[PDB]
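A look at the structure
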Amino acid sequence: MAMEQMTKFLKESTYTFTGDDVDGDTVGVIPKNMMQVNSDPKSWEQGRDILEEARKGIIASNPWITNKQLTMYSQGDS
Amino acid sequence: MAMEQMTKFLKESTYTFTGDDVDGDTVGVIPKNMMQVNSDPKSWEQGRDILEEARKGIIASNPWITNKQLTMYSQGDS
Amino acid sequence: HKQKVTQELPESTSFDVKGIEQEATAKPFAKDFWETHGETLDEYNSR
């Protein structure tokens with residue numbers, strides 16, 4: 001039961017990011033709590049779009065990277 | 001013999017709780033000693049009902065949980 | 001002769017430094033959605 005319960009908790013509260021072809025199609029994991037833009041938690045969805053427009057926006061400005069591919073990480077409040 | 005004897009001791013004196021679909025159909029284990037409501041030990045049965053009415057009663061009031069599912073635990077006298 | 005020892009005592013002080021208090025444990029995202037949209041997360045994705 002512990003596995004299913006921690007899995008459900010992470011599934012309801014987190015969100016994996018993904019980009020172009022990357023082995024395992026996962027680039028970072030941020031909680032759906034640190035991505036809101038309003039007081040209601042559904043607003044996380046809106047806060048998601050900006051990031052997918054920001055990450056791409058960085059790739060379109062910093063192409064010299066190893067792959068045209070960044071990472072993602074949320075420590076504390078950032 | 002040690003295995004059969006500790007198994008018999010735990011079987012006569014404890015009681016597993018269970019709820020809705022949970023992997024392994026076991027949510028906590030409380031001794032049949034900490035659930036009495038009278039001085040005679042059979043009364044544990046009565047003290048069981050309240051808990052099964054309390055746990056559900058909590059689920060019917062706190063539905064936002066990961067699963068509609070709590071745990072159970074008896075440390076000391078509680 | 002005057003006693004060259006006064007009842008006046010030495011004084012030490014506590015290292016009392018106050019920084020910035022922490023925010024309380026913000027509600028879980030499941031309960032957040034609950035008391036804001038009246039229905040749990042499972043009942044919102046079934047639509």
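A brief report on the enclosed structure follows.

What counts and what doesn't
- Residues numbered from 1 in each chain as written, not as in the entry; some residues may be left out.
- Chains lettered and ligands numbered in written order.
- Part of a larger assembly, values for the part shown.
- Heavy atoms only, no water.
- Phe/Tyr/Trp six-rings, centres within 6.5 Å; stacked < 30°, edge-to-face > 60°.
- Helix = DSSP H or I, 4+ residues; strand = E, 2+ residues; numbered from the N terminus.
- Buried < 20%, exposed > 50% of the residue type's maximum accessible area, 1.4 Å probe, protein only.
- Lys NZ or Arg CZ within 6 Å of the ring centre and 35° of its normal.
- Contact = heavy atoms within 4.5 Å.
- Buried area = accessible area lost by both parts, 1.4 Å probe.
- Salt bridge = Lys/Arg side-chain N within 4 Å of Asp/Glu carboxyl O.

1. Comments concerning the packing of aromatic side chains
Tallied over the entire structure, the rule returns 6 aromatic pairs over all chains. Judged by centre distance (5.3 Å) and plane angle (50 degrees), the ring pair of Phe-33 of chain C and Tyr-44 of chain C falls under tilted. Here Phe-33 of chain C is found in helix α1 (residues 29-37), whereas its partner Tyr-44 of chain C is found in helix α2 (residues 42-45), with 11 residues between them in sequence. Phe-33 of chain C sits in the buried class, given a relative accessible area of 2%. Looking at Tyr-44 of chain C, the relative accessible area reads 28%, which means it is partly exposed. Three or more aromatic residues joined by ring pairs form one cluster here, namely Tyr-15, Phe-17 and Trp-44 of chain A. Here the basic side chain of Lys-32 of chain A rests over the ring of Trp-44 of chain A, its NZ or CZ set 4.6 Å away from the ring centre. Sitting over the face of the ring of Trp-44 of chain B, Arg-48 of chain B holds its NZ or CZ atom 5.4 Å from the ring centroid.

2. So, the interface of chain A and chain C
How big an interface is tends to be stated in terms of the accessible area lost upon association of its parts. Taken together, the contacts link 11 residues of chain A with 10 residues of chain C. For the pair chain A and chain C, the summed buried surface comes to about 910 Å²; carbon and sulfur atoms form 57% of the total. Interface area lost by chain A to chain C is led by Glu-12, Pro-41 and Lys-42 of chain A, which between them contribute 53%. On inspection of chain A and its partner chain C, the count reaches 1 salt bridge. One salt bridge connects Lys-8 of chain A with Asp-42 of chain C, and the closest N-O pair in it is separated by 3.5 Å.

Geometric values such as these leave the question of function open.
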